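Now for the letters of each chain:
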Amino acid sequence: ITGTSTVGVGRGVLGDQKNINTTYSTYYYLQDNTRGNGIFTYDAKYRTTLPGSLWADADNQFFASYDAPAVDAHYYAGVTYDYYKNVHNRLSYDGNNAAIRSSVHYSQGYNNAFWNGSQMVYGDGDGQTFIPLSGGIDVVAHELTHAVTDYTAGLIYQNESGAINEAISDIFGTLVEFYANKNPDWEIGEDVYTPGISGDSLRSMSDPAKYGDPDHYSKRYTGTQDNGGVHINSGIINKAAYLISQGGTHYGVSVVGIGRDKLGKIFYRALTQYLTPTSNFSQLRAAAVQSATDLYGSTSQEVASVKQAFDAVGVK
Ligand SMILES: CC(C)C[C@H](NC(=O)[C@H](C)NP(=O)(O)CNC(=O)OCc1ccccc1)C(=O)O
Ligand SMILES: [Ca+2]
Ligand SMILES: [Ca+2]
Ligand SMILES: [Ca+2]
Ligand SMILES: [Ca+2]
Ligand SMILES: [Zn+2]
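Residues numbered from 1 in each chain as written, not as in the entry; some residues may be left out. Chains lettered and ligands numbered in written order. Heavy atoms only, no water. Residues with missing side-chain atoms left out of burial classes, pairs and counts.

Student: It is not clear to me how the environment of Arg101 should be interpreted in this structure. Could you clarify?
Tutor: Of note, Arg101 is situated in strand 9 (residues 100–106). Considering only alpha carbons, one finds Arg101 and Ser206, 105 residues apart in sequence, at a separation of 31 Å. Within polar-contact distance, the side chain of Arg101 engages the side chain of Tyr42 at 2.9 Å. (Helix = DSSP H or I, 4+ residues; strand = E, 2+ residues; numbered from the N terminus. Polar contact = N/O pair within 3.5 Å; in protein donor to acceptor, adjacent residues only side chain to side chain.)

Structure follows, in C-alpha cells:
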C-alpha cells in the first residue's frame, strides 16, 4: 500500500521485544519499505487461501499473542534480506529487490513452513510438535533461501538435487542465524520445535545421525518418501558443510576448518555460478571445488578442505 514509513514495536514468538518497519495509511501495516521493493507480512487467519490480507494493526504496537508470529516473520525476513545484501551483495531473492511476502497463521495446527513458488508460508504448529515456525530465524532464512535457489541453480526438489536444495537452505538458514548472533548453532529449528523438550532439533548439521539422517553417502536413502529423501539425504551435504566450516575427523577422515564466512562464500558461488537444476552430489563437489578454486586458488587450503569434507562424507 501507499503510505508513510513508520516503526512499530512488538514481541516475537519467544517473548522478545523488537522494533519492526511498518507503513501507515489509516492502519499500520506490516510493510517494510526500507528493504528493496518491500517486505510484506500477511494474515492467513487459520485458513489456506494465500496470501490472505496484508497485516493491519490499529496502533503500531504488536504485543498480542496473535501478533507474535507476524512480528517474527517480518523481522527475520528483514534480517535475511540484510544477510544476503551485506554478505553476498544479493538484493532480495531474485537479485533485483523483489518484494518479499510471507503469510502467518496458515491453516490450523500446521507443523511446517514452506516457499510456495511465490511467497513464504508459516504454520502455527500444534503447540506440542511446534510453536509458530516463524519464531526460528534459521527456519525463516531456510524458507527465503528456497526462493534464492529457485531463482539461481533451480535445483529440482527430488532425489539428490532436492537434497542439495534442502542442504543449501539449512546452510544459509544457519549462516543467517550466526549473522544475527542470538544463540547460534548448527541445529535446525531448535527454537520452535517441541516446546516441552529441551535440547532437540528438527535436524543437526554437526551430527545428522542424531535425528535419523545420514552423514555418509553409503547411508543415503533411495526410496520414495519425502520426495526421495530431500530432508534426509540433506544430512550428507549438511555434514560436509559443517566440516568445511568447523573442521573435524569423520569416519577417520580429518578436515581442516576454514570458517563460516568462507563456507558461505564457496557455497554462495557454487549455488549461483555452477549448480544446475539436475546437479547430483558429485556435481556439487565439483561445483564447490571450482568455487573455492576461483576464490582462493587451486592450491589453497580452502580447496583442500572442501575436498577433505566431501571425502569424509563419501562423495567423490
Ligand atoms: C517437520 C517438518 C517441518 C520437516 C520438513 N520441513 C522443513 O524442514 C522446512 C521447515 N520446510 P520446507 O520448506 O523444507 C517444506 N517444503 C515443502 O513442503 O516443499 C513442498 C512444496 C510446497 C510448495 C511448492 C512446491 C513444493 C518437511 O517438510 O519434511
Ligand atoms: Ca496493536
Ligand atoms: Ca539457535
Ligand atoms: Ca539453529
Ligand atoms: Ca524442543
Ligand atoms: Zn526446505
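Read on for the rest.
Student: It is not clear to me how the domain arrangement of the protein should be interpreted in this structure. Could you clarify?
Tutor: When the parts come together, some accessible area is lost, and that loss is often what is quoted as the size of the interface. Annotation of the protein at the domain level lists domain 1 (6–154) and domain 2 (155–315). In this structure, domain 1 and domain 2 have C-alpha centres spaced 25 Å apart. Secondary structure elements with two or more residues in the side of domain 1 that touches domain 2: helix 1 (68–88) and helix 2 (137–151). Sort the elements by how many residues they give to the side of domain 1 that touches domain 2 and helix 2 lands first, with 10 residues. Among the residues forming the side of domain 1 that touches domain 2, the class breakdown is 14 nonpolar, 14 polar and 4 charged. (Domains from an automatic or database assignment. Nonpolar A, V, L, I, M, F, W, Y, C, P; charged D, E, K, R; others polar.)

Student: Would you take a moment to explain the coordination of the calcium ion (ligand 5) for this structure?
Tutor: When a metal holds four donors in a tetrahedron, each ideal angle between them is 109.5 degrees; when it holds six in an octahedron, the ideal angles are 90 or 180 degrees. Taken together, the protein ligands of the calcium ion (ligand 5) are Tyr193 (O), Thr194 (O), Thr194 (OG1), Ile197 (O) and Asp200 (OD), with distances of 2.3 to 2.4 Å. If you list the donors of the calcium ion (ligand 5) from N- to C-terminus, the spacing comes out as Y-T-x2-I-x2-D. Judged on exposure class, the residue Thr194 and its partner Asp200 are both buried. (Donors = N, O, S within 2.8 Å, 3.2 Å for Na, K, Ca; no water. Buried < 20%, exposed > 50% of the residue type's maximum accessible area, 1.4 Å probe, protein only.)

Student: What's the story with helix 2 in this structure? I'm lost.
Tutor: The periodicity of an α-helix, 3.6 residues per turn, causes residues three or four places apart in sequence to face the same way. Taking 1.5 Å per residue as the helical rise, helix 2 with its 15 residues ought to reach 21 Å, and the 21 Å between its terminal C-alpha atoms agrees with that figure. Within helix 2, 13 of the 15 residues are buried, which leaves the element mostly enclosed by the surrounding structure. (Expected span 1.5 Å × (residues − 1).)

Student: What's the story with empty space enclosed by the protein in this structure? I'm lost.
Tutor: In this approach, a probe sized like a water molecule rolls over the atoms, and the result shows the empty space that is left. Roughly 30 Å³ of internal volume is contained in the largest cavity. In terms of lining, the largest cavity is formed by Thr80, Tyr81, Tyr84, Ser92, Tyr93, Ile100, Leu144 and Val148. Put simply, the parts of the chain that give the lining of the largest cavity at least two residues each are helix 1 and helix 2. No other element matches helix 1, which puts 3 residues into the lining of the largest cavity. Class assignment for the residues of the lining of the largest cavity results in 6 nonpolar, 2 polar and no charged. (1 Å grid on protein atoms, 1.4 Å probe; cavity = no way out; pocket = protein on both sides within 12 Å on 5 of 7 lines; lining within 4 Å. Points joined across faces, edges and corners; volume = space filled by probe spheres on them.)

Student: When you look at the sheet that holds strand 2 (residues 17–25) in this model, what are you seeing that I'm missing?
Tutor: Hydrogen bonds between backbone atoms are what pair the strands of a sheet, whose relative direction is either parallel or antiparallel. A sheet is described by the order of its strands in space; here 5 strands give the open sequence 7-3-2-1-8, paired in mixed fashion. Among the strands making up the open sheet, the edge pair consists of strand 7 (56–57) and strand 8 (61–62). Examined bridge by bridge, strand 3 (residues 27–29) and strand 7 share 2 bridges and lie antiparallel to one another. In the sheet register, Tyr28 faces strand 7, and the bridge partner there is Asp57. (Pairing = 2+ DSSP bridges.)

Student: Can you walk me through the pairing of strand 11 (residues 120–123) in this structure?
Tutor: Moving residue by residue along a regular strand, the side chains alternate between the two faces of the sheet. The side-chain alternation of strand 11 yields two buried faces, one formed by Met120 and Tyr122 and the other by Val121 and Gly123. Bridging between strand 9 and strand 11 involves 3 bridges; their strand directions are parallel. Note that in strand 11 the partner of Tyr106 across the bridge is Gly123. As paired strands, strand 10 (residues 113–115) and strand 11 are joined by 3 bridges and run antiparallel to one another. Opposite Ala113, over in strand 11, you have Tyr122 as the bridge partner.

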